[PDB]
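Peer 1: Need coordinates for the following:
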Amino acid sequence: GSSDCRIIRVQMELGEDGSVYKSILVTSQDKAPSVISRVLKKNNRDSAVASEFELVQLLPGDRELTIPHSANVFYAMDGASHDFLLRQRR
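Peer 2: Numbers count the residues shown, from 1 in each chain. Please find the structure below.
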């Protein structure tokens, strides 16, 4: 319609409880790859707890969405759908 939105999906497989998925609604200009950090403490009882990880975007493996990137990341990472998998280094 007049406004457009893109969706993102990440999967962190580590933590005291560890997790394996992560799906959140993204708007055309919303940088929510960082919502996982707020999700960590909120989901640190069932899913993952430590977001100190390396994130890789795209099923084929091409773009990486780790924390070294800046806030305006999806404006550049969310062109298509956003799929990532997170590996906690610590």
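
Peer 1: Report the buried residues of the lengthiest helix in the chain.
Peer 2: In the chain, with assignment by DSSP state H, the single longest helix is helix 35-42. Buried residues in helix 35-42, defined by neighbour count with 16 or more other Cβ atoms under 10 Å: 35-36, 39-40. In short, each C-beta sits where N, CA and C put it, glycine included.

Peer 1: same check, this time on stretch 22-32
Peer 2: Buried, per 16+ other Cβ under 10 Å, within stretch 22-32: 22, 26, 30-32.

Peer 1: State the helix or strand in which residue 11 lies.
Peer 2: strand 5-12 (DSSP states H and E).

Peer 1: What pairs with that strand, parallel or antiparallel?
Peer 2: Strand 5-12 pairs in its sheet with strand 23-27 (antiparallel), strand 82-88 (parallel), by DSSP bridges.

Peer 1: Compare those and give me the one nearest residue 67.
Peer 2: Of all these, it is strand 82-88 that lies closest to residue 67, at 10.0 Å by Cβ to Cβ.

Peer 1: Outside of that closest one itself, list whatever touches it.
Peer 2: Residues from elsewhere that reach strand 82-88 (Cβ atoms under 8 Å, 6 or more residues apart in numbering): 6-15, 22, 26, 33, 36, 48, 50-59, 65, 74.
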